[PDB]
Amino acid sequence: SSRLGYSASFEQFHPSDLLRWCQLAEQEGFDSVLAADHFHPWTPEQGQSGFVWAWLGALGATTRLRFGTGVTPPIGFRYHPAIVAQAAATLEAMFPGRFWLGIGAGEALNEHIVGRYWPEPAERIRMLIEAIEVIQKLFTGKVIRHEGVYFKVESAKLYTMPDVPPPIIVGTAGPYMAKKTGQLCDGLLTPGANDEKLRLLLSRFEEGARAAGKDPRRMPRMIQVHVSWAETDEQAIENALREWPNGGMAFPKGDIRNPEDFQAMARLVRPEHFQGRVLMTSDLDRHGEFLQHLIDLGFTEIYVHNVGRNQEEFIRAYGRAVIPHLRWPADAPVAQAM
């Protein structure tokens, strides 16, 4: 009954290291992995961005963990929705019961490389909704055709399909899209934020599901949190500043194109700016209470990203002192196929 999610930070860590650490996380009581889908890190100092789809095959073949993208933008910049659909179907077919397809509206940091018009957030939401339609049609396993405002799909069929499709999870912090997620998709993924914002997103998601005749109590509500654990408070604070200054950027970041841009913006970030966004302490009891609070709000899964380079030590510390003491409701839905 004990469990917790590990957040695999492709922005920071070589994929070989992430693979080994996920294997260790499994040994230490973590039950699932959230894997970023980036082309670029936020900053050069972070220094990585593996191709997540290849890595997920390695994870799948060497562990029994559940895993998902957190998140892929299937809106036709880096990735056409038909390709995301095929990738998701292949992973679930190879590792049945284990994959969840996390999708979102994307950031310029990754999508700008293809040199196309970058729509405002509200327009990208419309793109995401159409992409969901494409993915769901392909997941039926029939020959489908699609023509909408944003995507054209000629006769296409997924021949390699699991018995049951992986759930589609939307990663968003927008009330509007949270409602739509409940209506159109299988579950919600959101970032750490204050109680008021989390409650609003949960409520919107529930309302959307209910208006579509669905039972939201059986739908995953997932949160991705950023923490900094280290041997001292001082090191935890320093790790957050050095490794994750984007965590202290409480402003919309979806239009910023270059790691060098975030790098220059990072020079403004101070410890104060991380409050409510990154917990920075050596006290593992406080980590436990922070996570428990989120369960109590109604989150059914938590994916934890430790911002420090001390991943192995973090994993062992959480395995020993945090995960065993988390109290999950017994019936709580988890992101996996019916």
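Throughout, we count residues from 1 along the sequence that is shown.
On average the C-alpha atoms of 185-193 have higher B-factors than those of the other stretch, with 67-75 and 185-193 being the two compared. Averaged over Cα atoms, the B-factor as recorded in the entry is higher for 169-177 than for the other of 127-135 and 169-177. For the set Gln263, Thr140, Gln235, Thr160, the PDB entry puts the maximum C-alpha B factor at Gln235. Based on the entry's C-alpha B-factors, the most elevated value among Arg217, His112, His80, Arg98 belongs to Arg217. Annotation for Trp229: C-alpha temperature factor in the highest third relative to the rest of the modelled chain, per the entry. The deposited CA B-factor of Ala61 belongs to the middle third of values across its chain. When the modelled residues of the chain are ordered by C-alpha B-factor, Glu301 sits in the middle third.
Among all modelled residues in this chain, the alpha-carbon of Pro41 has a temperature factor (C-alpha) in the lowest third.
When all modelled residues of the chain are sorted by CA temperature factor, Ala240 is found within the highest third.
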